[PDB]
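**Q** My questions all concern the structure below.
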Number of protein chains: 2
Amino acid sequence: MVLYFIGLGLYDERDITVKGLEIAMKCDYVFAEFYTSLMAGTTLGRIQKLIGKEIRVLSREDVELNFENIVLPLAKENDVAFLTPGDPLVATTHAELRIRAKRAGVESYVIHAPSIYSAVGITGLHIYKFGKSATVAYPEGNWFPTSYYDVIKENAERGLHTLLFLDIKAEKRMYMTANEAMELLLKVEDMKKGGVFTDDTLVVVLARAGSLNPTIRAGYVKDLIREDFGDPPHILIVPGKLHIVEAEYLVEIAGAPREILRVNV
Amino acid sequence: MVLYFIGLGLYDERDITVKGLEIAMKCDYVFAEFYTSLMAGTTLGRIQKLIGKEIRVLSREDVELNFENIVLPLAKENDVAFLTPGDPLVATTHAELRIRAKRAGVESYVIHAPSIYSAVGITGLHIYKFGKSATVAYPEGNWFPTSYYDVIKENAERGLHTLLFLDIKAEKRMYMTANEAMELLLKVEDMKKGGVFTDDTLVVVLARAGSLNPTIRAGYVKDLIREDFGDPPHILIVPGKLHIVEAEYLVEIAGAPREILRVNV
Ligand SMILES: Nc1ncnc2c1ncn2[C@@H]1O[C@H](CSCC[C@H](N)C(=O)O)[C@@H](O)[C@H]1O
Ligand code: NA
């Protein structure tokens, strides 16, 4: 009788840790959700084949409204696993599910997996230099989200890099591209006019981290806004003040304009 | 012709991903470094047994000064792997190693694994709320560094959490405990008196992330400074003002005192 929160990693079924696989293999019941992120290099079938168990996929409503009615009851008399893309507790509200587990008398354990949050390291930007993070959300009706703009502003003033998670509508199979994020940011800039995000802003795009050949690109918005970065998922990053070696990596590995080598200390 | 940067994950030999393991198994030569951090829940022997390959350990000097003449020469005509605790390229100087590979005409790929940067999500603190990160270093001789204190101050001032890495003497296998970190911060507070870290400051301690039985404790410095959090490594976090959901998790899962539900929210 136990509940395991097991991360599946960044891109495909092999991104799960050995620990996660061996534990998942011996669980009586295996549940999972695929609405918090997108694993672009695998399928439910390949995941099931790898762990050797049939996986019951749950919707956001099943989880948020009925986790304690669907999953927890089984954990009381069996070993249950709950799979999620990336790391189960990063940029999700799944941590709160551990409280529901406790209140239901069910012990829970967490098995980590590679997360987009640390995979940013492959962009060459020092991870300790990232500041507050934010999510670029799709406007809906008359509601136009903009707080993420201020996050960038706050971090940039501090010389810190800003990680921008991009929106996702799993049931509609909508995955926000870095291009759409840039478009939205320019519109917010027009309204606020804080000089935070313009055509001359340097940005970094990372697509399909976890694959052997992820797309890593850096450059000015004016030049990248219409560039094809490949299939989703994507994340957008607005660097703050760059260290010499960060700039060198962006140029050498991410194809950034050589002019950014000349940092303005 | 190929160099693989493969992360070993958080705590033991099972924290490497399935992808990481299978790739390492096919490599002709396998190198590793344990100066950035150590795998406290395992040993080199156990990692070797799992990968089924002899592993050549590299010192900080081997990597920083001679990566191109120790690792790359072999990567030119063979499949070579470079193992590092956590997620590759998280350590500040590692990204630059990919530039050396490129310059030597060696292809390089990154195989991610869990990182403490994302694993701390198990503390129930929202990942997006983390600000700039820092490392607590021991004062030595006439040198008393305190920049990590300023980092806490700037983050907390903006309602952001501060991830604090604690000093490590890898070679000597000596770790700074969360207890020592707290005492140091209290000393820096007595000197700067900026109101940033006091007996009344709420902190979170995470020990042995990655293990099935990590230690997660939250509370006021006055009560945790002499508490036993178990064996290292320890990570210290100074949260900024809490979301009620973060507070509830710290109380129910981290044993935090109910008092934080009214004082730090
Ligand atoms: N492999 C990947 N490549 C690029 N972006 C990714 C990604 N995986 C997740 N993301 C980004 O993060 C968003 C999901 S947020 C949930 C993150 C997840 N728990 C983790 O640990 O990674 C996506 O919409 C996308 O913007
Ligand atoms: Na961070």
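Ordering of the structure tokens sets the chain letters (A, B, ...), residue numbers begin anew at 1 in every chain, and ligands are numbered from 1 in the order given.
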How close does chain B get to chain A? List, as JSON lines, each residue of chain B within 6 Å, its nearest atom pair and the distance in Å to one decimal, counting only C-alpha atoms.
**A**
{"residue": "B:14", "atom": "CA", "partner": "A:19", "partner_atom": "CA", "distance": 4.9}
{"residue": "B:15", "atom": "CA", "partner": "A:17", "partner_atom": "CA", "distance": 5.5}
{"residue": "B:16", "atom": "CA", "partner": "A:17", "partner_atom": "CA", "distance": 5.6}
{"residue": "B:17", "atom": "CA", "partner": "A:17", "partner_atom": "CA", "distance": 3.8}
{"residue": "B:18", "atom": "CA", "partner": "A:14", "partner_atom": "CA", "distance": 5.0}
{"residue": "B:19", "atom": "CA", "partner": "A:14", "partner_atom": "CA", "distance": 4.8}
{"residue": "B:89", "atom": "CA", "partner": "A:121", "partner_atom": "CA", "distance": 5.1}
{"residue": "B:90", "atom": "CA", "partner": "A:121", "partner_atom": "CA", "distance": 5.1}
{"residue": "B:92", "atom": "CA", "partner": "A:126", "partner_atom": "CA", "distance": 5.6}
{"residue": "B:95", "atom": "CA", "partner": "A:124", "partner_atom": "CA", "distance": 5.3}
{"residue": "B:112", "atom": "CA", "partner": "A:114", "partner_atom": "CA", "distance": 5.7}
{"residue": "B:113", "atom": "CA", "partner": "A:114", "partner_atom": "CA", "distance": 4.5}
{"residue": "B:114", "atom": "CA", "partner": "A:114", "partner_atom": "CA", "distance": 4.3}
{"residue": "B:121", "atom": "CA", "partner": "A:89", "partner_atom": "CA", "distance": 5.5}
{"residue": "B:124", "atom": "CA", "partner": "A:95", "partner_atom": "CA", "distance": 5.8}
{"residue": "B:128", "atom": "CA", "partner": "A:133", "partner_atom": "CA", "distance": 4.5}
{"residue": "B:129", "atom": "CA", "partner": "A:132", "partner_atom": "CA", "distance": 5.5}
{"residue": "B:130", "atom": "CA", "partner": "A:132", "partner_atom": "CA", "distance": 5.6}
{"residue": "B:131", "atom": "CA", "partner": "A:131", "partner_atom": "CA", "distance": 4.2}
{"residue": "B:132", "atom": "CA", "partner": "A:131", "partner_atom": "CA", "distance": 4.8}
{"residue": "B:133", "atom": "CA", "partner": "A:128", "partner_atom": "CA", "distance": 4.7}
**Q** Residues of range 23-198 of chain A classed as strand (DSSP E or B) by DSSP on the backbone are to be reported as number ranges by chain.
**A** A: 29-32, 56-57, 79-84, 86, 108-111, 130, 134-136, 140, 143, 161-166, 168-169, 174-175
**Q** From range 29-143 of chain A, collect each residue whose DSSP state is helix (DSSP H, G or I) and return the set as a PyMOL selection string.
**A** chain A and resi 44-51+60-70+72-75+96-103+116-123+127-129
**Q** Name the residues in contact with residue 196 in chain B at a cut-off of 8 Å, using only C-alpha atoms, excluding same-chain residues fewer than 2 positions from it; report them as a tab-separated table (two decimals) with N, CA and C atoms, in the first residue's frame.
**A**
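Output saved as selection.tsv:
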chain	number	residue	atom	x	y	z
B	149	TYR	N	24.63	36.02	1.18
B	149	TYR	CA	23.71	36.71	2.08
B	149	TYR	C	22.94	37.76	1.28
B	152	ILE	N	20.17	36.24	-0.82
B	152	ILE	CA	18.96	35.97	-0.05
B	152	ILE	C	18.17	37.26	0.10
B	153	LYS	N	18.86	38.33	0.47
B	153	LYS	CA	18.21	39.62	0.66
B	153	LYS	C	17.47	40.12	-0.58
B	189	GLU	N	24.78	37.88	9.58
B	189	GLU	CA	23.68	38.78	9.96
B	189	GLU	C	24.14	39.71	11.08
B	193	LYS	N	23.64	42.99	9.71
B	193	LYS	CA	22.44	43.42	10.43
B	193	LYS	C	21.37	44.00	9.49
B	194	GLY	N	21.20	43.34	8.33
B	194	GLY	CA	20.23	43.84	7.35
B	194	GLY	C	18.84	43.22	7.55
B	198	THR	N	17.75	35.60	10.67
B	198	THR	CA	17.78	35.64	12.12
B	198	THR	C	17.17	34.39	12.73
B	201	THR	N	13.94	33.53	11.25
B	201	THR	CA	13.79	33.28	9.82
B	201	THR	C	13.31	31.85	9.58
**Q** Identify, on the basis of only C-alpha atoms, every residue whose closest approach to residue 107 in chain A does not exceed 7 Å; exclude the query and any residue fewer than 3 positions from it along the same chain; express the result as an MDAnalysis selection string.
**A** chainID A and resid 2:3 101:102
**Q** What is the distance between CA of residue 84 in chain B and CA of residue 65 in chain B, in Å to one decimal?
**A** 16.9 Å
**Q** Within 12 Å of range 168-173 of chain B, counting only C-alpha atoms, which residues show up once you throw out same-chain ones fewer than 3 positions away? Write them as number ranges by chain, please.
**A** B: 33-40, 57-60, 85, 135-138, 165, 176-178, 181, 232-235
**Q** May I ask which of the residues B:237, B:30, B:256, B:242 is the closest one to ligand 2, counting only C-alpha atoms and all ligand atoms?
**A**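 Among the listed residues, B:237 lies closest to ligand 2.
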